[PDB]
């Protein structure tokens, strides 16, 4: 019914709305993680800053998807943003592993979205996903994997000195 | 159990968590409103920018409450962020009135929070609420009331020229 | 026969030449529209500037396609540029709607071109179309739809005050 | 019927429209010539730049005539822009000679236009043609004649070294 | 076994390693060509600079592929870099033609890589190849074709004056 | 047969070509080492940057030898560049020790080259080797020995904290 809509299938619109919800959920998870490390009994300021930055970037991803939905003449339908799985993230390493797993889930959702856009012969949507989301996801996953590897090699779970020094030198 | 907690009652902590959820919900409502006016069949860019700015500011309010919760030794417990009441906001005037009503609800919640902080003899929390939230709320309510009044006097609901000119001159 | 030609099918070359003609035709249509609004009995200077800018950008699109044709070793075959459908465009709103319809036709042609490039396994051509034409087309269609919506809500066809004020505030 | 029309005869208006078409045709011819020299089997970049510059200037001439038509209260009536006579221009010298012949035809058309304006006692049109078109045409014809003479003296048709060196030193 | 690997098929990893070897081989060929023209009995400094620049750029292409291999969780497996086909490149024109043929082989390998990435439903790899390699390859092939055409038209193989002047004016 | 050759014995030319191959092989080894430390399961960015810098410098050494070969009228004869001994370098300390051993082999080759140049009474070649290669080799060997010593004293092979901190403070 939109005057601008062209070659934009309904399944693509629904999947874009689902992806919007997933990006908002990721922003919420990162917000929770950020303020876990601000606790007086955790007190790792650079971990908190890192996760707050990630939360803001995920909000940006969601807003770019909403802009895309309006550009193609689809209609945005928002849903509840579910609370994060954990309230206590238990360590810097555990938070990094959870973030890695979350970003891999988001990547899988984006790949399914790209496959749907391909099956519907929507080159603009495929290009939008490739240009703005796929490489960003690969970069984020690689960075999180590097952080997890370094924390593990330092002996992070047992020794708080490892997490302290990683906070200052890598995230600082 | 927190080493920093002092004169911070459990009811105050619970009410702060509830206020965090309300601020996040307000940010979500403003996000929905912002991308309603970005639609090709609505197409009021300055309304969209205004509501996006409000959404970001509400996110900031929520984050400041989370920082307060950590400062006093309370523990943050996040909940689901419920979807906004409407998906179609139907006009600039209707969105402004809904925003006014939302900000008045938020003000009422903050006043109840202040009364609870007073009854528990928590001067730091009372001062935090007064300094960072009460006057901001009064300013926002006054501004929204002015916008609603001007739109009504222009004849906004019937004439789209009113909404167009308000978009350019007041929100521009 | 070209020393540089590689994975460039003849159907792709023919379709590129057809697209060149369509882009030149669009530039001509926008030129006609621009100098309609320069008439003393129409006298909407910002409408004229907008459509002249669009005409120049369409010329740029055509020249970029010609450069592509030479880069891949195809040969350019120019055809007549047909005169525009109308000499009197009758209003700012009517011109905007005609421009929207023209840009949608151009988008449909580009999508058919992309499908042909996909069927011939020509990734370079597909990427060229996606990178330089598809998102530009989506942006142009969205912008024209917004202009049409605003003119309609202002009451443009009946009232010349609407067209006058749109000229100064949106296109100014 | 135009409120601004004064001492502007119908034959003058028709001849101005014909001149607009001729200027657009010249721009198209120069565009074809420019992208002939961009071919991988021709590969004379400065010839291509020269002819593209000429094409843009001819577009400017056409637009100035359209502005004149609106200034005097006449009405623009566009026609088809015929495809250029050649798709393969066969050498730098051949293209230069064809350009010389085209500019001489355009000059002859402008002189007939001036004679018509004189016979209708239209001093403004005569002055417009003299001030903006006649001396520009004489300069262009002289420059093209100089280029043709130099290419001939270098032995251009037989030796590609002549065309190469002319491209770098004269058109560079 | 990599914590970051996702939607990255083993055939894609093997083909990426093969492409790394091909890019390194191209860098080696260009190095040989560059120092052929530095010989006292050849003595064309700008040809040498051109081919050295190409050698460095091919090294950059190889390193970018290695970075890609690590980003996706694949493992780099290096092989011998075979010596170039020729030690005496015999002329500027002959070297340019050999470079054209080499770049066309590299383009064919990249197109096969893209087809493999498409068959394995790997949009990130397809986009990486399209964004960073395909258009660069097309540009390089077009430029080499232009150089070959100009050298041939100047009479390069027979006359050393042609090669001398091409060295100063085109490659200078 | 070269017009510039003077006091340049054939054995010297052959040994220079062998040294060119050895320098290229060293560059390849350092490239392999650099992209080992870029792996997600190793993730020591400053080790990778150090070894990439060394690889580029070895390429420069090879190119300077090729320039020398042309300056004296000898002829360059390139050979295959053999793949590095290892694909998994297993630790920062192990890579540093392997680099030390490689640089000592290169130094031994250069000393044999200098002895050959002395036996052939070639003062220019002896001075070239002394001025551009011998002191650089001694500096590199000393630096690598210092790095190995520090890593060993930190307990590098067992503790990843040692390698992490060496990465940030010494190579950072």
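The first residue you see is number 1, and the count goes up from there.
Keep in mind that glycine also has a Cβ here, set from the backbone N, Cα and C atoms.
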- Task: Given that Swiss-Prot annotates C:58, C:61 as binding Fe cation 1, state which candidate in C:23, C:97 belongs to that site as well.
- Result: C:23
- Task: According to Swiss-Prot, C:58, C:137 bind Fe cation 2; so which of C:90, C:103 is the extra one listed there?
- Result: C:103
- Additional residues surrounding Fe cation 2, by Cβ distance to the C:58, C:103, C:137 centre under 8 Å: C:26, C:54, C:61, C:102, C:106, C:107, C:136, C:140, C:141
- For the recorded Fe cation 1 site formed by C:23, C:58, C:61, which further same-chain residues have Cβ atoms within 8 Å of the site's Cβ center? C:22, C:24, C:26, C:27, C:57, C:59, C:60, C:62, C:65, C:106
- Long-range Cβ environment of residue C:58 (Fe cation 1 binding site), under 8 Å and at least 6 residues apart: C:23, C:24, C:26, C:27, C:30
- Item | Nonlocal residues around residue C:18 (site 'Essential for association with cargo receptor NCOA4'), in sequence order (Cβ under 8 Å, 6 or more apart) | C:109
- Task: For residue C:103 (Fe cation 2 binding site), list the number of other Cβ atoms lying within 10 Å of its Cβ atom.
- Result: 25
- Message: Going by DSSP, is residue C:23 (Fe cation 1 binding site) sitting in a helix, a strand, or coil?
- Response: helix
- Query: At the level of the C-alpha atoms, what whole-angstrom distance separates residue C:137 (Fe cation 2 binding site) and residue C:61 (Fe cation 1 binding site)?
  - Reply: 11
- Cβ proximity for residue C:61 (Fe cation 1 binding site), under 8 A, sequence spacing 6+, ordered by residue number, returns C:23, C:26, C:133, C:136
- Around the Cβ of residue C:137 (Fe cation 2 binding site), other Cβ atoms found within 10 Å total 21
